[PDB]
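Asks:
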Ligand code: HEM
Ligand code: HEM
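Okay, structure coming up:
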């Protein structure tokens, strides 16, 4: 029923290693570009 | 009247009598300096103590080093390496504690 | 009708743009070699001599 | 002698064309190295079960 | 049971959660046409205060933070500044609608 | 002088994806609709690579599917990627709809109506696509759904004969369902363009429900890299689902060839239909069950007229938050009941769940909004 079983599991192992590599890296670029804004400080100067 | 230090060039340029020699306005009094309001002011502190060298009979330089002036406990006072091995110590004991709870629950359940 | 593009300024512009265009051609050549697995090139690179 | 990210920025990561060249070369070498390592791991777990491990008893 | 209702109102005000963002009750109203006309009739100092409060709330929601507990909008100092303008707008709109009925 | 603001092809891309003003505080849930588009694109691509070997005749449908999975190079990857991508597409669609319900996004009425038309289109596309592999449950689910669609008096029998192309599901039904399953995703893509156009006319919604004009950022690079991260995460769940467990969401009985003589002991569709099927089992009337199905999809389109509050989002409405999570809980209950046998105690549980579903959406939520307005000293 599954002649592709061993190949599927090998591709799954490569996928697990590959996504374990690239989730933190893409998260790091997202945190870079969004830590532009996540340290933004806003202030108000009404003339009263 | 003749020269005013301006024009973004760090130099004297030609200016009028009412702009180079009377830079204040002819308003009667100054009006107001309004304050700035904010969410929460951040903390400002400096760090330039660093450390010293190590060797034989170098206890008194470490004695000088462990005088605090920092508001930090002594188990985070050395800086980097004790902090990371503390970090790993509490991490592995938390993992061991939750694995103890999982082990005790699986031991309580029969098969 | 491209006789407008004959001059020293355009020659200097083209001379400045030769190495960037050559590097981009190198990138395109390496990308076409890698994505197609060409046997004329990877058999000369010492590390990649395992799939052939 | 500065740190190696300074070397990577000074020689490779400054120009965009050299950036593309280094990531293409890294793509080639990372492709081959990752394929070889992941395959070796895959027969490390599945040692004695795949066809290439039992092939020598039948192949002539 | 008036104080039971009042304390329940304080509890619901603290449980709604917009006081933790520095917001007033009138900032949280949905900007329909009547509400937009109420903002249009505001004095400029109240308009600037409201716009700064919305900007601060959006900045706090972006970082998934809240204000410190001393900076929360207390129930007693929550001023209902938009109520007379909105009341006038609803009265005028109902007058126009009742004129259009006949 | 720049081609971004001047070139008419690049002008639309600039004003839709690059320089579009977006709220700075929209959470990860706002990823999901963009994910849906990628899912649709992925499905189309995989569908095209399924159309290159699929033969739409009853004697050579299951055999062509086995030829895809066994002889075509990585054809198993394409087919199981298509099936699990359909499942992940409905996951993204359900979360997109639930986010639109929670944060008061139905005030964009035309966007909501184009959305519910898209929902009807993708449900029809999924049903016909499941008919296509010509398994046992494919043929029997098709027969069940069409012969209950025959319940309209004096019109239903002629309509189901004209849908069937005959007396039952046969070769004509399979060919026309292949043609219709091919043609529907392009109409879905055009309706998605109209969906995005109707959204971009009025801007998008922030989780607080306030006016986001005070703080807006360009879409690029912020939500570009956020959507790239969301696409990578969606691909992680999709590749885990296709490469490790290809059959938690499928049915084993579809791996048998279609037998008109043999009926299965249990007939059920996929899970994204199952809750509706539970409502279809809730009322013991044929026409009443069909209208229960149609209103169970259409009251989402009805909900823009059920807003009785002066605050948009549910972030500051905790009673309606509790009632909304009770509604999502009821939807999970109906999804579980829909795949159960028609036997006690599932009948009274399904009837109670359907009654609770229609009561929560129709009755209790506007009353909760009214009393929240009363407690905030707004309602008279
Ligand atoms: C125009 C693009 C599309 C084409 C050409 C296409 C083609 C096909 C084909 C040939 C099959 C049968 C092969 C198989 O067994 O999987 C199929 C199955 C299926 N398709 Fe599509 N499809 C398309 C788009 C979609 C979309 C958008 C959806 C989601 C609503 C979808 C959902 C399904 C489902 C659920 C199946 C059944 C999976 C199975 O039983 O194996 N398809 N499609
Ligand atoms: C065919 C599947 C669908 C696709 C491809 C799709 C696509 C999109 C896209 C690209 C956006 C803009 C990005 C975003 O805001 O997340 C969006 C927003 C929206 N969609 Fe959909 N959508 C789909 C289904 C639906 C459905 C079924 C509804 C109705 C319940 C709906 C209602 C909305 C609303 C109300 C918004 C705007 C909310 C906001 O931007 O804050 N969509 N959709």
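Residue numbers (UniProt numbering), protein chains in the order written: chain E, 278 to 325; chain S, 1 to 111; chain B, 1 to 52; chain Y, 3 to 62; chain H, 10 to 111; chain F, 2 to 381.
By construction, the Cβ of each residue, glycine as well, lies at the ideal position given by its N, Cα and C atoms.
For the region 64-91 of chain H, which residues have a CB atom closer than 9 Å to at least one CB atom of chain S, in sequence order?
Replies: Residues 65, 68, 69, 76, 77, 80.
Asks: Do residue 128 of chain H and residue 19 of chain H have their CB atoms nearer than 7 Å?
Replies: In this structure chain H extends from 10 to 111, so residue 128 of chain H is not present and cannot be described.
Asks: With C-beta atoms as the reference, is residue 43 of chain F less than 7 Å away from residue 76 of chain F?
Replies: Along the sixth chain, one-based indexing puts residue 43 of chain F at 42. Along the sixth chain, one-based indexing puts residue 76 of chain F at 75. No. Outside cutoff.
Asks: Hey, does residue 325 of chain E have any beta-carbon neighbour from chain S nearer than 7 Å?
Replies: Position 48 of the first chain holds residue 325 of chain E. Chain S, which has a Cβ nearer than 7 Å to the Cβ of residue 325 of chain E, makes this yes.
Asks: Pick from H:102, H:97, H:62: whose alpha carbon is nearest that of residue 209 of chain F?
Replies: Start at 1 with the first residue of the sixth chain, and residue 209 of chain F comes out as number 208. When only C-alpha atoms are compared, the closest one is H:62.
Asks: What does DSSP give as the partner residue(s) for residue 219 of chain F in the beta ladder?
Replies: Position 218 of the sixth chain holds residue 219 of chain F. Paired residue(s): F:22.
Asks: Compare the C-beta of residue 79 of chain F against all C-beta atoms of chain C and say whether one is closer than 7 Å.
Replies: In the displayed structure, chain C is absent; the protein chains listed are E, S, B, Y, H and F.
Asks: Taking 6 Å as the cut-off, is the C-beta of residue 199 of chain F nearer than that to any heavy atom in ligand 2?
Replies: Mapped onto the sixth chain, residue 199 of chain F falls at position 198. No; taking the cut-off as 6 Å, the Cβ of residue 199 of chain F has no heavy atom of ligand 2 nearer than that.
Asks: For residue 323 of chain F, count the other beta carbons within 10 Å of its own beta carbon; 16 or more makes it buried, fewer makes it exposed. Which is it?
Replies: Position 322 of the sixth chain, counted from the first residue, corresponds to residue 323 of chain F. When all chains shown are included, residue 323 of chain F counts as exposed.
Asks: For my contact list, residue 290 of chain E and residue 44 of chain Y are in at a C-beta cut-off of 8 Å; report their separation, rounded to the angstrom.
Replies: Walking along the first chain from the start, residue 290 of chain E turns up at place 13. Walking along the fourth chain from the start, residue 44 of chain Y turns up at place 42. Confirmed, about 6 Å.
Asks: Could one say the Cβ of residue 1 of chain F lies closer than 7 Å to chain H's Cβ atoms, at least one of them?
Replies: This structure leaves residue 1 of chain F out entirely; chain F is present only between 2 and 381.
Asks: Just to confirm the assignment: which complete alpha helix (DSSP H) runs, minimum length 4, are found wholly within the region 143-209 of chain F?
Replies: 157-165, 172-203, all fully within the region 143-209 of chain F.
Asks: Please name the residue or residues paired with residue 136 of chain F in a DSSP beta bridge.
Replies: For the purposes of this step, residue 136 of chain F is taken as the residue at position 135 of the sixth chain. Per DSSP, F:258.
Asks: Could you spell out where the alpha helix (DSSP H) holding residue 45 of chain H opens and where it closes?
Replies: Position 36 of the fifth chain, counted from the first residue, corresponds to residue 45 of chain H. That run of the alpha helix (DSSP H) goes 42-49.
Asks: Using a beta-carbon distance cut-off of less than 8 Å, what residues from the region 306-318 of chain E approach chain H?
Replies: The residues in question are 314, 315, 317.
Asks: Could you tell me which whole alpha helix (DSSP H) segments of length 4 or greater appear in the region 26-111 of chain S?
Replies: The region 26-111 of chain S contains these whole alpha helix (DSSP H) runs: 59-65, 80-108.
Asks: Report the neighbours of residue 322 of chain E on chain F: residues whose CB is nearer than 9 Å to its CB, in chain order.
Replies: Along the first chain, read from residue 1 onward, the residue named residue 322 of chain E stands at position 45. Residues of chain F passing the Cβ test: none, with the nearest at roughly 16 Å.
Asks: Name, in chain order, the residues that DSSP records as bridge partners for residue 6 of chain S.
Replies: Numbered from 1 along the second chain, position 6 holds the residue referred to as residue 6 of chain S. Paired residue(s): S:11.
Asks: Mind checking if residue 41 of chain S is an interface residue toward chain E, Cβ cutoff 7 Å exclusive?
Replies: Taking the second chain and counting its residues from 1, one reaches residue 41 of chain S at position 41. So, not an interface residue.
Asks: At a cut of 8 Å, does the region 288-307 of chain F reach the region 173-186 of chain F through at least three beta carbon pairs?
Replies: No: fewer than three Cβ pairs fall under 8 Å.
Asks: According to DSSP, is residue 55 of chain F part of a helix, a strand, or is it coil?
Replies: Sequence index remark: in the sixth chain, residue 55 of chain F carries index 54 (1-based). Here residue 55 of chain F sits in coil by DSSP.
Asks: Does ligand 1 have a heavy atom nearer than 6 Å to the CB of residue 66 of chain F?
Replies: As a working note, residue 66 of chain F is residue 65 in the sixth chain. Yes, the Cβ of residue 66 of chain F comes within 6 Å of a heavy atom of ligand 1.
Asks: With a threshold of 6 Å (Cβ to nearest heavy atom), would residue 83 of chain F be considered close to ligand 1?
Replies: Taking the sixth chain and counting its residues from 1, one reaches residue 83 of chain F at position 82. Yes, the beta carbon of residue 83 of chain F sits closer than 6 Å to at least one heavy atom of ligand 1.
Asks: Does the beta-carbon distance from residue 339 of chain F to residue 275 of chain F come in below 7 Å?
Replies: For this step, residue 339 of chain F is matched to residue 338 along the sixth chain. For this step, residue 275 of chain F is matched to residue 274 along the sixth chain. In this structure, residue 275 of chain F lies closer than 7 Å to residue 339 of chain F by Cβ.
Asks: In chain order, what are the residue ranges of uninterrupted beta strand (DSSP E) at least 3 long that sit wholly in the region 264-321 of chain F?
Replies: Correct list: empty.
Asks: Name the chain B residues that come within less than 9 Å of residue 12 of chain Y, Cβ to Cβ?
Replies: The residue labelled residue 12 of chain Y in the question sits at position 10 within the fourth chain. Those within 9 Å of residue 12 of chain Y in chain B number zero; the least Cβ separation is about 16 Å.
Asks: Less than 6 Å separating the Cβ of residue 357 of chain F from some heavy atom of ligand 2?
Replies: Within the sixth chain, the letter at position 356 stands for residue 357 of chain F. Every heavy atom of ligand 2 is 6 Å or more from the Cβ of residue 357 of chain F, so no.
Asks: How long is the line joining the alpha carbons of residue 21 of chain H and residue 108 of chain S, rounded to whole angstroms?
Replies: Within the fifth chain, numbered from 1, the residue matching residue 21 of chain H stands at position 12. Within the second chain, numbered from 1, the residue matching residue 108 of chain S stands at position 108. In a straight line, the C-alpha of residue 21 of chain H is about 44 Å away from that of residue 108 of chain S.
Asks: Rank Y:14, Y:49, Y:7 by C-alpha distance to the C-alpha of residue 24 of chain Y and give the top, closest one.
Replies: By 1-based counting over the fourth chain, the position of residue 24 of chain Y is 22. Taking only the C-alpha atoms, the option nearest residue 24 of chain Y is Y:14.
Asks: Using beta carbons (cut-off 7 Å, strictly below), is residue 28 of chain B in contact with chain Y?
Replies: Numbered from its first residue, the third chain carries residue 28 of chain B at position 28. No, residue 28 of chain B lies away from the interface with chain Y (no Cβ there is under 7 Å from its Cβ).
Asks: According to the neighbour-count rule (16 or more other Cβ atoms, all chains shown, within 10 Å of its Cβ), is residue 182 of chain F buried or exposed?
Replies: As a working note, residue 182 of chain F is residue 181 in the sixth chain. With 16 or more other Cβ atoms within 10 Å, it is buried.
Asks: Let me know the secondary structure DSSP gives residue 94 of chain H once reduced to three states.
Replies: Position 85 of the fifth chain, counting from 1, holds the residue named residue 94 of chain H. Helix.
Asks: Following the continuous alpha helix (DSSP H) through residue 295 of chain E, name the residue where it begins and the one where it ends.
Replies: Position 18 of the first chain, counted from the first residue, corresponds to residue 295 of chain E. Start and end: 282-312.
Asks: Residues bridged to residue 321 of chain E by DSSP?
Replies: Numbered from its first residue, the first chain carries residue 321 of chain E at position 44. For residue 321 of chain E, which the question treats as bridged, DSSP gives the partners S:37.
Asks: Does the region 30-37 of chain F come close enough to the region 88-99 of chain F to have 3 or more Cβ pairs within less than 8 Å?
Replies: The region 30-37 of chain F vs the region 88-99 of chain F: in contact.
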